[PDB]
Each structure stands twice: as structure tokens, then as C-alpha cells.
There are 2 protein chains.
Amino acid sequence: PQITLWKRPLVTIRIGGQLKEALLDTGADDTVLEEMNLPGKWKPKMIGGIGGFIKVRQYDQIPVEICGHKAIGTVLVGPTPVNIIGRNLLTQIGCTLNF
Amino acid sequence: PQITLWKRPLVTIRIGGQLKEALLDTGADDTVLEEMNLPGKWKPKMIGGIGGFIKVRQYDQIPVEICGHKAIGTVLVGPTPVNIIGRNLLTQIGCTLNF
């Protein structure tokens, strides 16, 4: 599909057997999801942006479907205010910016 | 252009007569640049990101050229980790996401 940018580019994803709303974010290196109790091994990580850093849990090899397009990779879980799909998964679904 | 996302979508912009590098950021409502001088009046504002809230200077109706495409709009200046072009200007240059 083609997503315009008049509003926040929010789409539906499926992760860990849940459907969620998430923001397609070309400015994010990584995918960061709001607090959820995913099974699996994880390691601590700190990620930054405007305002500073937050502590997150890094889970690897997690299947994530984005508007019906399958992806699998690293997901970060922590106290982000919005679910963010970053470049690590956007590349896997063949997402481009176009103008 | 069509810009893929295997690398950060960094582009050259011209603003206040000076060249800068900025990230095309679909996850940002607003355009936020690192500390620099811009001509004209500004208003104090606060914005939020993944780490919390910061204080910025809001400059209205600022011309910005982004990869040769012209925008004129709001530019916030403050302690962002990287220069970001947000949706307020991405829409002006006709940018969409496609997959």
C-alpha cells in the first residue's frame, strides 16, 4: 500500500499472538513496543531519542506481521508511549520513502 | 526519489542559507533541528519523544529545501540527538511510505 503522512502512519501489526497499532517510523533504527509480557530470553538495552534514554528488554527472532507482510527480528520492549516499527522490520517488508 | 531503509534516510537540507544533514522521520510530527541560529521571532515550546520532554524554540514559516524540494513551515530548535524532518514538512514535499 501507499501511506500518506497527513496523519501519523499507524498500522496494525501482529506480534506474540496479539494485534496492536504501531507507528511506521523511518527515524527509528529499532522496533520498540509498549510493555508486554512476551515469552523468551531477553537482554537489557538502553535506547535514546528526544528526551534521553529508556531501559528496554531486547528479544531476538520474534515474528511480527505488519499489514499482512511477515517479518522476523529484534523487538525492544519497554516504557515507550507508542509502538514503533523501525528500520530493522521496515526493510523486511520492502518499505520505501517516496517523493 | 525512492529511498530504501537499509541505512538511515539522511538527506542534505538548506535552511537559513546553510547546508545541514537531517533524517527523514515519519515517526515525528514535527521538524526538530539541533541548536543553531535562525532569523526571526521564536516562541518557547515543549515537545516529547521516546526519552521524555524537552524545551525547544519554535520558528514559524521557515523555508527549507529538502533534496531540492521546497517547504516552508515550522522548525523547532533544541537538544535533539539528530536533525529530523518530521511530517509537517514531509507532507509539503509529497513524501509517502510505500510497501
# chains A, B, ... in the order shown; residues from 1 in each chain; ligands from 1
$ calpha_fit_rmsd --fixed "chain A" --moving "chain B"
0.5 Å
$ closest_atom_pairs --of "chain B" --to "chain A" --cutoff "7 Å" --atoms "only C-alpha atoms" --output "tab-separated table"
residue	atom	partner	partner_atom	distance
B:1	CA	A:99	CA	5.5
B:2	CA	A:98	CA	4.5
B:3	CA	A:97	CA	5.0
B:4	CA	A:96	CA	4.8
B:5	CA	A:91	CA	5.7
B:6	CA	A:91	CA	6.2
B:23	CA	A:27	CA	6.5
B:24	CA	A:27	CA	6.5
B:25	CA	A:27	CA	4.3
B:26	CA	A:25	CA	5.1
B:27	CA	A:25	CA	4.3
B:48	CA	A:50	CA	6.6
B:49	CA	A:50	CA	4.6
B:50	CA	A:49	CA	5.6
B:51	CA	A:51	CA	4.1
B:52	CA	A:51	CA	4.2
B:53	CA	A:51	CA	5.0
B:54	CA	A:51	CA	5.7
B:80	CA	A:50	CA	5.4
B:81	CA	A:49	CA	6.4
B:87	CA	A:5	CA	6.0
B:91	CA	A:5	CA	5.9
B:93	CA	A:99	CA	6.6
B:94	CA	A:99	CA	5.3
B:95	CA	A:99	CA	4.5
B:96	CA	A:4	CA	4.9
B:97	CA	A:97	CA	4.8
B:98	CA	A:2	CA	4.5
B:99	CA	A:95	CA	4.4
$ write_last_selection --atoms "C-alpha atoms" --output "mmCIF file, in the first residue's frame"
data_model
loop_
_atom_site.group_PDB
_atom_site.id
_atom_site.type_symbol
_atom_site.label_atom_id
_atom_site.label_comp_id
_atom_site.auth_asym_id
_atom_site.auth_seq_id
_atom_site.Cartn_x
_atom_site.Cartn_y
_atom_site.Cartn_z
ATOM 1 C CA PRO B 1 13.498 9.800 -5.179
ATOM 2 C CA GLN B 2 12.695 6.352 -3.801
ATOM 3 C CA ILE B 3 14.657 5.879 -0.567
ATOM 4 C CA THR B 4 15.149 2.416 0.918
ATOM 5 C CA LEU B 5 15.737 1.902 4.625
ATOM 6 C CA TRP B 6 18.802 -0.354 4.956
ATOM 7 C CA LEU B 23 16.896 12.384 8.954
ATOM 8 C CA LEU B 24 13.562 11.880 7.147
ATOM 9 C CA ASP B 25 11.430 10.768 10.087
ATOM 10 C CA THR B 26 7.875 9.534 9.563
ATOM 11 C CA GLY B 27 7.625 8.960 13.340
ATOM 12 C CA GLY B 48 8.137 14.862 23.687
ATOM 13 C CA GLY B 49 9.911 11.821 22.344
ATOM 14 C CA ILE B 50 10.897 8.386 23.450
ATOM 15 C CA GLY B 51 13.002 9.603 26.399
ATOM 16 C CA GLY B 52 10.686 12.345 27.702
ATOM 17 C CA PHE B 53 10.133 16.043 27.074
ATOM 18 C CA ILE B 54 12.476 18.842 26.006
ATOM 19 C CA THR B 80 17.577 16.694 19.749
ATOM 20 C CA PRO B 81 20.146 13.914 19.156
ATOM 21 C CA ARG B 87 5.631 15.063 8.887
ATOM 22 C CA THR B 91 3.847 16.308 3.566
ATOM 23 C CA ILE B 93 7.408 17.707 -0.408
ATOM 24 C CA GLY B 94 4.897 14.956 -1.237
ATOM 25 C CA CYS B 95 6.570 12.166 0.698
ATOM 26 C CA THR B 96 4.709 8.857 1.196
ATOM 27 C CA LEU B 97 5.539 5.420 2.595
ATOM 28 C CA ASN B 98 5.098 2.509 0.213
ATOM 29 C CA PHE B 99 5.376 -1.275 0.549
#
$ select_by_dssp --residues "chain B" --states "strand (DSSP E or B)" --output "NGL selection string"
:B and (2-3 or 10-15 or 18-24 or 32-33 or 43-49 or 52-66 or 69-77 or 84-85 or 96-98)
$ residues_around --residues "residue 41 in chain A" --least-positions-apart "2" --cutoff "8 Å" --atoms "only C-alpha atoms" --output "PyMOL selection string"
chain A and resi 39+43+59
$ write_last_selection --atoms "N, CA, C and O atoms" --output "PDB file, in the first residue's frame"
ATOM      1  N   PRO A  39       6.961 -14.161  26.030  1.00  0.00           N
ATOM      2  CA  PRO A  39       7.870 -15.212  26.474  1.00  0.00           C
ATOM      3  C   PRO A  39       9.213 -15.130  25.742  1.00  0.00           C
ATOM      4  O   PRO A  39       9.311 -14.514  24.680  1.00  0.00           O
ATOM      5  N   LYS A  43      17.704  -9.581  26.709  1.00  0.00           N
ATOM      6  CA  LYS A  43      18.811  -8.909  27.381  1.00  0.00           C
ATOM      7  C   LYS A  43      18.515  -7.422  27.540  1.00  0.00           C
ATOM      8  O   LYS A  43      17.744  -6.850  26.769  1.00  0.00           O
ATOM      9  N   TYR A  59      14.455  -8.680  22.673  1.00  0.00           N
ATOM     10  CA  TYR A  59      14.074 -10.056  22.330  1.00  0.00           C
ATOM     11  C   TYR A  59      14.481 -10.263  20.869  1.00  0.00           C
ATOM     12  O   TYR A  59      14.256  -9.387  20.043  1.00  0.00           O
TER      13      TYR A  59
END
$ residues_around --residues "residue 65 in chain B" --least-positions-apart "4" --cutoff "6 Å" --atoms "only C-alpha atoms" --output "list in words"
residues 13, 14, 69 and 70 of chain B
$ residues_around --residues "residue 37 in chain A" --least-positions-apart "6" --cutoff "12 Å" --atoms "only C-alpha atoms" --output "PDB file with N, CA, C and O atoms, in the first residue's frame"
ATOM      1  N   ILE A  15       1.921  -9.568  16.768  1.00  0.00           N
ATOM      2  CA  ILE A  15       3.136  -9.944  17.485  1.00  0.00           C
ATOM      3  C   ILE A  15       2.760 -10.726  18.739  1.00  0.00           C
ATOM      4  O   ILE A  15       1.864 -10.328  19.499  1.00  0.00           O
ATOM      5  N   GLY A  16       3.439 -11.856  18.935  1.00  0.00           N
ATOM      6  CA  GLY A  16       3.238 -12.678  20.126  1.00  0.00           C
ATOM      7  C   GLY A  16       1.790 -13.099  20.317  1.00  0.00           C
ATOM      8  O   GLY A  16       1.301 -13.169  21.453  1.00  0.00           O
ATOM      9  N   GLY A  17       1.107 -13.371  19.208  1.00  0.00           N
ATOM     10  CA  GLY A  17      -0.321 -13.676  19.241  1.00  0.00           C
ATOM     11  C   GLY A  17      -1.237 -12.515  19.611  1.00  0.00           C
ATOM     12  O   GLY A  17      -2.385 -12.738  19.990  1.00  0.00           O
ATOM     13  N   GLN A  18      -0.766 -11.272  19.503  1.00  0.00           N
ATOM     14  CA  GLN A  18      -1.633 -10.112  19.741  1.00  0.00           C
ATOM     15  C   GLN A  18      -1.688  -9.188  18.520  1.00  0.00           C
ATOM     16  O   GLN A  18      -0.691  -9.061  17.801  1.00  0.00           O
ATOM     17  N   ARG A  57      13.908  -4.231  27.085  1.00  0.00           N
ATOM     18  CA  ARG A  57      14.245  -5.647  27.034  1.00  0.00           C
ATOM     19  C   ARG A  57      14.354  -6.016  25.562  1.00  0.00           C
ATOM     20  O   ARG A  57      13.417  -5.766  24.799  1.00  0.00           O
ATOM     21  N   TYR A  59      14.455  -8.680  22.673  1.00  0.00           N
ATOM     22  CA  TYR A  59      14.074 -10.056  22.330  1.00  0.00           C
ATOM     23  C   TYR A  59      14.481 -10.263  20.869  1.00  0.00           C
ATOM     24  O   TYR A  59      14.256  -9.387  20.043  1.00  0.00           O
ATOM     25  N   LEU A  76      12.225  -4.578  20.812  1.00  0.00           N
ATOM     26  CA  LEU A  76      12.588  -3.996  22.099  1.00  0.00           C
ATOM     27  C   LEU A  76      11.295  -3.709  22.843  1.00  0.00           C
ATOM     28  O   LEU A  76      10.346  -3.188  22.254  1.00  0.00           O
ATOM     29  N   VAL A  77      11.236  -4.087  24.115  1.00  0.00           N
ATOM     30  CA  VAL A  77      10.030  -3.897  24.929  1.00  0.00           C
ATOM     31  C   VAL A  77      10.366  -3.019  26.120  1.00  0.00           C
ATOM     32  O   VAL A  77      11.336  -3.258  26.851  1.00  0.00           O
ATOM     33  N   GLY A  78       9.557  -1.988  26.312  1.00  0.00           N
ATOM     34  CA  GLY A  78       9.800  -1.087  27.413  1.00  0.00           C
ATOM     35  C   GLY A  78       8.782   0.023  27.439  1.00  0.00           C
ATOM     36  O   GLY A  78       7.784  -0.012  26.709  1.00  0.00           O
TER      37      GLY A  78
END
$ atom_distance --atom1 "CA of residue 56 in chain B" --atom2 "CA of residue 30 in chain A"
25.2 Å
$ atom_distance --atom1 "CA of residue 58 in chain A" --atom2 "CA of residue 83 in chain B"
26.2 Å
$ atom_distance --atom1 "CA of residue 61 in chain B" --atom2 "CA of residue 46 in chain B"
18.3 Å
